[PDB]
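One is the number of the first residue; the rest follow in order along the sequence. FYI, side chains are in, hydrogens and waters are out, and symmetry mates aren't considered; it's all heavy atoms of this structure.
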Amino acid sequence: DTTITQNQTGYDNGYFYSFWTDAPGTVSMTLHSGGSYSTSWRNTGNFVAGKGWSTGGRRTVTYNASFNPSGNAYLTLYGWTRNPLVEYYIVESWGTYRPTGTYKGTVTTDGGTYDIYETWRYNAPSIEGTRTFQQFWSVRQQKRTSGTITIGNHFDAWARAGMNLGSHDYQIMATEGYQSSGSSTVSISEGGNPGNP
Ligand SMILES: *[C@@H]1O[C@H](CO)[C@@H](O[C@@H]2O[C@H](CO)[C@@H](O[C@@H]3O[C@H](CO[C@H]4O[C@H](CO)[C@@H](O)[C@H](O)[C@@H]4O)[C@@H](O)[C@H](O)[C@@H]3O)[C@H](O)[C@H]2NC(C)=O)[C@H](O)[C@H]1NC(C)=O
């Protein structure tokens with residue numbers, strides 16, 4: 001169970017977790033105690049895995065990680081909303097490719113500045129099957145592998161840029177790779193012990 005290699009989601013030690021890949025046998029996720037997990041991949045297709053919550057919110061999250069990408073990969077707060085269907089990213093670090101596209105401005109929060117981009121993803125896998133949907137991006141100007149993310153400040157920034165979110169679905173601190181190799185170990189948590197709304 002702890003070593004996931006098949007599409008799967010669930011709960012581990014209180015944290016929701018999700019694993020998805022279109023390339024079987026090229027990547028695995030290992031769930032550890034608390035809010036920790038690891039990933040290892042090699043010449044994979046595409047995958048997204050991480051721990052977090054099944055219902056996103058304006059959470060203030062703290063994480064620490066070892067991110068060792070060998071090519072295209074992301075260390076990012078990742079999530080989905082419905083109606084409208086939106087896949088969003090708060091990118092903390094990346095490999096060889098830095099997310100880009102239509103510049104919507106910037107947002108300063110948690111000791112750093114992030115560039116804001118909005119792009120489209122065509123006929124791609126989603127929490128609602130094969131769909132075309134928009135992607136909201138907050139990309140830090142300085143890569144980092146630990147710190148705090150006041151998610152609320154990003155949502156506000158996106159909103160002020162005409163990027164409207166829908167009804168929140170899952171929200172996780174994820175590792176995503178694309179036709180690359182690498183590994184990661186990520187530890188995340190929320191401030192205090194408020195529970196889930
Ligand atoms: C988890 O569920 C995923 C679905 O969300 C599974 O993804 C599928 O993974 C298989 C490989 O096991 C891919 O099969 C290949 O398909 C390509 C053609 O791809 C194009 O057409 C499909 C049509 O559905 C489209 O989805 C793609 O985006 C491409 O446009 C062939 O050339 C290969 O020979 C091979 O058949 C599927 O493409 C892929 N589908 C999706 C939705 O991405 C995934 O397998 C599951 N993971 C595990 C570990 O089982």
So if you build clusters from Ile, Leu, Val, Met, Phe, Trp, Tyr with side-chain heavy-atom gaps below 4.5 Å, do [X] and [Y] land together?
{"X": "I151", "Y": "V86", "result": "yes"}
{"X": "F67", "Y": "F47", "result": "yes"}
{"X": "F16", "Y": "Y88", "result": "no"}
{"X": "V48", "Y": "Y97", "result": "yes"}
{"X": "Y11", "Y": "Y17", "result": "no"}

Mind checking the [atom1]-[atom2] spacing from [X] to [Y]? Nearest 0.5 Å is all I need.
{"X": "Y37", "Y": "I4", "atom1": "OH", "atom2": "CD1", "answer": "11.0 Å"}
{"X": "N7", "Y": "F19", "atom1": "CG", "atom2": "CZ", "answer": "7.5 Å"}
{"X": "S93", "Y": "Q142", "atom1": "OG", "atom2": "CD", "answer": "9.5 Å"}
{"X": "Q134", "Y": "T119", "atom1": "CD", "atom2": "OG1", "answer": "8.5 Å"}

I'd like to know if the side chain of [X] and the backbone of [Y] have a donor-acceptor N/O pair within less than 3.5 Å.
{"X": "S146", "Y": "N64", "value": "no"}
{"X": "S181", "Y": "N43", "value": "yes"}
{"X": "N83", "Y": "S167", "value": "no"}

Minimal non-hydrogen separation, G45 against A23, with atom names: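 Scanning both residues completely, I find the closest heavy atoms to be N-CB, 3.4 Å.
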Less than 3.5 Å apart, which donor and acceptor atoms pair up between the side chains of residues 69-79 and the rest of the protein, not counting sequence neighbours?
{"from": "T76", "atom 1": "OG1", "to": "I90", "atom 2": "N", "distance (Å)": "3.0"}
{"from": "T76", "atom 1": "OG1", "to": "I90", "atom 2": "O", "distance (Å)": "2.7"}
{"from": "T76", "atom 1": "OG1", "to": "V91", "atom 2": "N", "distance (Å)": "3.3"}
{"from": "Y78", "atom 1": "OH", "to": "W80", "atom 2": "NE1", "distance (Å)": "3.1"}
{"from": "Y78", "atom 1": "OH", "to": "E87", "atom 2": "OE2", "distance (Å)": "2.6"}

Please identify each residue that fulfils side-chain contact (heavy atoms from CB on, under 4.5 Å) with [X], with sequence neighbours left out.
{"X": "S36", "result": "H32, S187"}
{"X": "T3", "result": "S28, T30"}
{"X": "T55", "result": "none"}

Mutual orientation of the aromatic rings belonging to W158 and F136 [parallel < 30°, tilted 30-60°, perpendicular > 60°]: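 Geometry flag for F136 against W158: perpendicular rings.
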Greater than 12 external heavy atoms within 6.0 Å of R144's CZ: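 Buried by this count: over 12 neighbours within 6.0 Å.
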Hey, are [Y] and [X] close enough side-chain-wise for a donor-acceptor pair under 3.5 Å?
{"X": "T185", "Y": "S38", "value": "yes"}
{"X": "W120", "Y": "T132", "value": "no"}
{"X": "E118", "Y": "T102", "value": "no"}

Identified side chain to side chain donor-acceptor pair (under 3.5 Å) partner of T26 from the options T44, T21, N46: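 Of all the options given, the one that passes is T44.
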Reference residue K51; test side chain to side chain contact (heavy atoms under 4.5 Å, CB included); the match among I172, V186, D12: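 Result: among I172, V186, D12, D12 is the only option passing the side chain to side chain contact (heavy atoms under 4.5 Å, CB included) with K51.
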Under the ring pair (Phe, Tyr, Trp, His ring centres under 6.0 Å) test, residues paired with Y114 that sit two or more places apart: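 Here the qualifying residues are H154.
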Which residues share a salt bridge (charged side-chain N to carboxylate O under 4.0 Å, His left out) with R131, sequence neighbours left out: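 By the salt bridge (charged side-chain N to carboxylate O under 4.0 Å, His left out) rule, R131 matches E128.
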